[PDB]
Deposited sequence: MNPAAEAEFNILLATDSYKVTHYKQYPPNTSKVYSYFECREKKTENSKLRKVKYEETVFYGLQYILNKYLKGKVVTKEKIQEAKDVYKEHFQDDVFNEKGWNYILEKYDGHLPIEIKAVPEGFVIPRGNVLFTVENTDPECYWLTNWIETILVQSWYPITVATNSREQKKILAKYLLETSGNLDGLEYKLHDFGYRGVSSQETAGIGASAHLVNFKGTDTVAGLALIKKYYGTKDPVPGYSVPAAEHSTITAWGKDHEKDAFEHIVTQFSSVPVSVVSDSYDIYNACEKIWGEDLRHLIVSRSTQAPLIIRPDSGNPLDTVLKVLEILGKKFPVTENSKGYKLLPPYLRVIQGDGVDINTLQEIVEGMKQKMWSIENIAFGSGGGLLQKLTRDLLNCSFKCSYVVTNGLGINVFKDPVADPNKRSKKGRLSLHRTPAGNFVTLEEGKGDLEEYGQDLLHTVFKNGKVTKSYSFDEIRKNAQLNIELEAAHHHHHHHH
């Protein structure tokens, strides 16, 4: 990885476009004004992996110089500016980044982090690293979207059961194959794990362990589970044998068995319902059988599966008046699940007097891939410049779109007397009318000055 090749191409030419004698470029990141509050998570990953330490070398400067020489068909690369950083700071970026603590749940339209150069010669470096810093939109959005789904599950699980036991395992990450890269997989799985503990994207475990860390042995957990290939390999006529072999191999731990390979309704009624009914009613509450449909209308299929199970297994009525499966039998819906359909499924189950205790969800591309930067309007903008000894509050204000107006001047975030958050502009945070700035210095001159445990992030992001 070469930081001098990790920016938008036109930013190579911007050091020649700022007003002369600009000694400071000061920029900020916000989720511009469902999705009223965002989970701020992912910046520390970028700092540790990409920005800290000696990130400029003679080899990297040469690589970038030759690349841009042919890319622009011209010499525009700021070779002397990058050489200065290598010579004066031993390849350490003279940058200061102040950010809200990761895991903080902040309403839209607030400053989340600020970036400024610490050396007047490096005024151009602030927005050079905009591109790599803006990519924090993705873990912010995954964590925010995951948390909004936790709100949905928490609300309906309480109304149908009276407690939240197992809430952290109600939404399981199945997104490894559906994202665009290995790195994206690890980032997005880790953002999901801010709110839940169930994941099949192993890349998230390794990313957390390396760039955040946890006191717990692992940040995510999973259970043995079948896919279609391991069932259909027994032959169409031996689906019963595949089910029996797998539940036997995993009788001391929860196991999930996909049941829609040929006929999902025949699987729940005949195979699980009668042929292999004895091995279902015999496993522990801690190691139940989990039935997984993977086709048809998500809400219609789970309701039709639950009702078939209600005819072959003892279903009771809990304290809230909702039907509850036996403790040795669960259902996971892991197909076509996003924030929209999840709401539809649990609301439909409640209308059918089915308790949310019976159901868990898996989400793949809907959790980690079908998300964009314009969902929360994640944006990075310059709000303050110092040119020839004068600090100037700068901003954009497009006439055809007042929603894209950006903030002015030096920014700070404050806890209000009512317990909420407000962003002050034009340096008014210096007066500390609402107490101290909440932005902490997390990166300064190539060092990560403030870091957070994943345990601290999970605590900051909890519900209620």
{"query": "Gaps in the model (deposited sequence, numbered from 1)", "finding": "1 to 8, 42 to 52, 484 to 497"}
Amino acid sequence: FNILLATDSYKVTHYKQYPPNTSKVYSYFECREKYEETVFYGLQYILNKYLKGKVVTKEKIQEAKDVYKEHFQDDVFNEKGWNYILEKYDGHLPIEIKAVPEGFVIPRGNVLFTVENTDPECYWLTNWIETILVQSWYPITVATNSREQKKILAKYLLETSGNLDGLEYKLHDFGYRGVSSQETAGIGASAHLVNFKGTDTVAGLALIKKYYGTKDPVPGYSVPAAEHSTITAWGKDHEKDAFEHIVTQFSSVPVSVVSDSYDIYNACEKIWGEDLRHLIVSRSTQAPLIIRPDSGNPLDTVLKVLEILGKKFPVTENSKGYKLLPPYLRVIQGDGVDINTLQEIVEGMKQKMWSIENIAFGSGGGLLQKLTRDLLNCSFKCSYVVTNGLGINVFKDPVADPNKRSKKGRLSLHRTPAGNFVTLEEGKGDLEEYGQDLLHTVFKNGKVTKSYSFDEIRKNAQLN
From here on, numbers count along this sequence of modelled residues.
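Think of the rigid core as the biggest set of C-alphas that the two forms share within 1.5 Å after superposition.
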| property | result |
| --- | --- |
| Between 278 to 286 and 137 to 145, larger RMS Cα displacement in 7 other deposited structures of this protein after core fit | 278 to 286 |
| Between stretches 300 to 308 and 246 to 254, more displaced by Cα RMS in 7 other deposited structures of this protein (rigid core superposition) | 246 to 254 |
| Check: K407 without coordinates in a third or more of other entries | no |
| Coordinates lacking for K49, a third or more of other entries | no |
| Average Cα temperature factor in the PDB entry - higher stretch of 288 to 296, 305 to 313 | 305 to 313 |
| Per the entry, higher mean C-alpha B factor between 84 to 92 and 256 to 264 | 256 to 264 |
| Out of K408, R405, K34, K60, highest CA B-factor residue | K34 |
| Top residue by Cα temperature factor, when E102, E183, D275, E148 are compared in the entry | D275 |
| Ranked against its chain, the third holding the CA B-factor of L371 | lowest |
| For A242, the third of its chain into which the C-alpha B factor falls | highest |
| For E347, the third of its chain into which the C-alpha B factor falls | highest |
| Lowest, middle or highest third - CA B-factor, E130 | lowest |
| Lowest, middle or highest third - CA B-factor, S355 | highest |
